[PDB]
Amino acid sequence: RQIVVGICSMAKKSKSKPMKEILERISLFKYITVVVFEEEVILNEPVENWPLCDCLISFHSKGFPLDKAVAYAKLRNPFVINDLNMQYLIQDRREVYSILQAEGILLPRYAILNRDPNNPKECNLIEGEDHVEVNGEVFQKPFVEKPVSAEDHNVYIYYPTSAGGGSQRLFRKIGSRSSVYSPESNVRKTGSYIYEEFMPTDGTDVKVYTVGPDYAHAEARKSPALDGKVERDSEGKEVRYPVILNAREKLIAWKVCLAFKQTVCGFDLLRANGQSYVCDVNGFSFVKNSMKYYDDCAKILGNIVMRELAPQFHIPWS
């Protein structure tokens, strides 16, 4: 009898090129059958009617009913590749940062500004023309201001007077742009934010993609904060630069993968001041447009499934 690997995510993710490429390769495993849960079923059917699986690959994106996935996993008790309860915490930057700190992972110095919706005026924020003070902690410009919702990508950077003042407003990339300059020098006055020190990079972000704690692919892309113009190649794909992680960074990836219990996990590294700082943990994410990654990821996931489940299925596996 076959080991069933169930894929439970929104259709946009389940039918994505990287997903289809990887699932095709996982299916090549002799004792593995892949079942992709239909979006209509995920959204409209009670969990009791969802397909059975022995191993569940499931992850949140916009519109995904995480409560249902959690309930399904509790009902069927499959082997879970990416822990579902942790995906609530991944949606909250405050929770992400707390986990990183607890794990001895270097991250930007930061402070949380929580605003009670009823009292916007009763906050712990003092603003100077070249700095902010949050719960008593001072951040000189440049500093970064992030919505506490990790799903909210309206991240702002504030320039010091010596650099011309104003701000850089980042957003989910659309077409040719990932950010825009604003003459606004004052911080946002409604909502809750994390304020953090600006880490000076060479102008790129390092994007890391784990497949288990012992495998991580990295690449670099232009930081959206630079000027906001997206670099695209002859085919319309965003330009990426080769990266090889050093020993320290390979350990960071190991830590992030295990700490968040996300076998497949994307996160960002800022290479600054001779160190590497995690600034964002995104959970489930595949590398795009790398055939070798497709090969590696499918092989590792298949091996994880076989290692974990082959004994109870009485299947030979060395």
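Numbering starts at 1 and follows the sequence shown. Only the largest set of C-alpha atoms that superpose within 1.5 Å between the two forms is called the rigid core.
- Rigid core superposition in 9 other deposited structures of this protein puts the Cα atoms of one stretch, out of 143-151 and 235-243, farther from the shown form on average, and that stretch is 235-243.
- Once the rigid core is used to overlay the structures in 9 other deposited structures of this protein, the stretch among 165-173 and 121-129 whose CA atoms lie farther from this form is 121-129.
- Comparing 157-165 with 212-220, the stretch with the higher mean C-alpha B-factor in the PDB entry is 157-165.
- Taking the mean C-alpha B-factor of each stretch as recorded, 230-238 and 99-107 are not equal, and the higher mean is that of 230-238.
- The PDB entry assigns the greatest CA B-factor among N282, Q262, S276, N289 to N289.
- Reading the B-factor column for the CA atoms of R177, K121, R94, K146 in the entry, the top value corresponds to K121.
- Sort the chain's modelled residues by C-alpha temperature factor and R188 lands in the middle third, per the entry.
- For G266, the recorded CA B-factor ranks within the lowest third of the chain. Only modelled residues enter the ranking.
- When all modelled residues of the chain are sorted by CA temperature factor, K207 is found within the lowest third.
- Among the modelled residues of its chain, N85 has a C-alpha B-factor that falls in the middle third according to the deposited record.
- Per the deposited record, the Cα B-factor of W254 falls in the lowest third when ranked against the other modelled residues of its chain.
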